[PDB]
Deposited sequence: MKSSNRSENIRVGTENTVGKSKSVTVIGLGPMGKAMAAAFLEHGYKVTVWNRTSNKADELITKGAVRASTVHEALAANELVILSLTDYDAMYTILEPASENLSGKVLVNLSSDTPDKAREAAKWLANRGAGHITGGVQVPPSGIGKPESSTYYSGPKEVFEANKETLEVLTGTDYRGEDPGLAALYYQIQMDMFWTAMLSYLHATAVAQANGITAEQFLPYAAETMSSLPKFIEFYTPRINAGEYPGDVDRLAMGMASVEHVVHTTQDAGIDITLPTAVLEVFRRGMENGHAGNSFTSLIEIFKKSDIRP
């Protein structure tokens, strides 16, 4: 009743939570190796993708990256036709929408997925692509994680994933950076934990407060001033240098502030720096 391609991280995390409901579940892997214990739960494993495709209408693609998709599916392009391919990737929007057209030109349906959680979270997922084909396989997908359809463009699901990872990676390194500064001044990562937790848990309040102003393109400095912001970032950079810690991350922050100041925003809210990000 379903097929999974790409046994691995999310891969089996999904195969497992499938055979645990009663679908005829086939499988297959790129390197063509083992990882087949799941044959103990009702899984056929074909000797090529030709059959693993002709097994079911639904197919889940959990590949390393999109380049690997063309490689294995091109041999069988004559059988992609009439299938619904759920492509779960971590790649850029343009690669998702390149991929979708490639699959549409073989007669297949497609859904682009942006998984929001490690395989342990097999909880929400981004989905984009043709609405009708998503609604038709909605319930099946809700087995893996919650579904959060974002619209028609096949790149929307990748896009939403990428801007979450933008924030995650940058905020998590600032936490590692802050922890380096802490240790060099003699406080442990364990003592710093509640303080790093409160800071990160306080940010939603600021986002909710600024969002409507950002939405309107307005940056009044009634509750904060870019200048005080900048002075404050300068204190962070000097704190870091005095501690003997690499300064490149906070310096990158200071540079965005500096550009805002020179564009005349000193009296505006620091949220005006989004204009600097838009290359104004």
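Chemist: Where along the deposited sequence are residues missing from the model?
Modeler: According to the record, the gaps fall at 1 to 22, 145 to 148, 307 to 310.
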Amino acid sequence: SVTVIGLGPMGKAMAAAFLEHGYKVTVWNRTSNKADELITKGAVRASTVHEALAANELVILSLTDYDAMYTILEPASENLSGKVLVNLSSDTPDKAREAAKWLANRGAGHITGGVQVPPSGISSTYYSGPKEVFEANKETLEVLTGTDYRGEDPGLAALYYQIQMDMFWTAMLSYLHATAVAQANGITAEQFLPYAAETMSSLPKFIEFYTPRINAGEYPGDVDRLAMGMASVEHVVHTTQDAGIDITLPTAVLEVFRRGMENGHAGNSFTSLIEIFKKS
From here on, numbers count along this sequence of modelled residues.
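Chemist: Mind pulling up the entry and telling me whether 142 to 150 or 193 to 201 has the higher mean Cα temperature factor?
Modeler: The stretch with the larger mean CA B-factor is 142 to 150.
Chemist: Check the entry's C-alpha temperature factors for 49 to 57 and 222 to 230, then say which stretch has the higher mean.
Modeler: Going by the record's values, the stretch with the higher mean is 49 to 57.
Chemist: I'd like to know which of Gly186, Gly82, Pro119, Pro93 has the highest C-alpha temperature factor in the PDB entry.
Modeler: Answer for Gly186, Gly82, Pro119, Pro93: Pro119, with the highest C-alpha B-factor.
Chemist: In the PDB entry, which of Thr248, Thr26, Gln241, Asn215 has its C-alpha at the highest B-factor?
Modeler: That would be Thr26.
Chemist: Splitting the chain's C-alpha B-factors into thirds, which one does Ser77 fall into?
Modeler: For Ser77, whose C-alpha B-factor we compare with every modelled residue in the chain, the answer is the highest third.
Chemist: Quick check on the deposited entry: does the C-alpha B-factor of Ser174 sit in the lowest, middle or highest third of its chain?
Modeler: Bottom third by C-alpha B-factor.
Chemist: Consider only the C-alpha atoms of the modelled residues in this chain, order them by B-factor as the entry records it, and name the third containing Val256: lowest, middle or highest.
Modeler: Within its chain, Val256 is a lowest-third residue by C-alpha B-factor, going by the deposited values.
Chemist: For the chain shown, is the CA B-factor of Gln164 in the lowest, middle or highest third of its modelled residues?
Modeler: Its C-alpha B-factor belongs to the lowest third of this chain's values.
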